[PDB]
């Protein structure tokens, strides 16, 4: 049996000073201009000293995925930070470690209680882990019902890539385009860059009909959702918690609001 967990129920405390440093360093790394990476690294490091689990994640990603002139690529330090995270039982830490050394390596790790890294992370409600496992059950193991449950758990926690993956599932596998559109719009409200980009294409004049899912082009929706794409592209922390309720999507010309029930 699968139990959907809430990741926020399993987050260690965040030091108030370390969180101030983390937020400033994350902001400095945000704009698409010249950025002070050496100083961003140093600020993240000071926050890591005080136990900030998000500073550990961001700094580790910089150490393994370097950055042209700023920093500096070093996989071993990124992994030492991942170790610090799982020692604190951070759900993202289990996902991060598994993404770097493989899922099944978790079974032997003392911090996972015998689970794989994805299983341990997903059991603590980690949305990235729930999303990957959902894709694996759906597309590799052919466990549709279980895989959809994993993705829906991550989606209901506000994780935009999970909502986008559910929308992509209903478009390509079930050909339920109104259901796909609704998940894409949910993903946009959750800061989904890809969903906003492709939701905009759905209503563009020049989009081939199959990629538009045979919706009628709507120039105002094309511009509305391309505008959200640009906002999310500039600020990935942006959310739109009122987007769905006050901007109902148009029905599909044939499938309505649900291909299963095209006349609702």
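Positions refer to the first chain, counted from 1.
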* Structure fact -> Comparing mean C-alpha B factor in the record for 29-37 and 218-226, the higher one is 29-37
* Structure fact -> Higher of the two mean Cα B-factors (192-200, 56-64; per PDB record) comes from 56-64
* Using the temperature factors in the entry, find which of 103, 83, 182, 168 has the highest value at its Cα atom. => 103
* To do: Return the residue from 121, 88, 141, 148 that has the highest Cα B-factor in the entry.
  => 141
* When the modelled residues of the chain are sorted by Cα temperature factor, does residue 240 land in the lowest, middle or highest third? -> middle
* Asked: residue 234's Cα B-factor: lowest, middle or highest third of the chain?
  -> highest
* Rank-wise, by C-alpha B-factor, drop residue 116 into the lowest, middle or highest third of its chain. => middle
* Structure fact -> Quick tally, chain-level thirds of C-alpha B-factors: residue 72 sits in the highest
* Looking at the C-alpha B-factor of residue 11, is it in the lowest, middle or highest third of its chain? -> middle
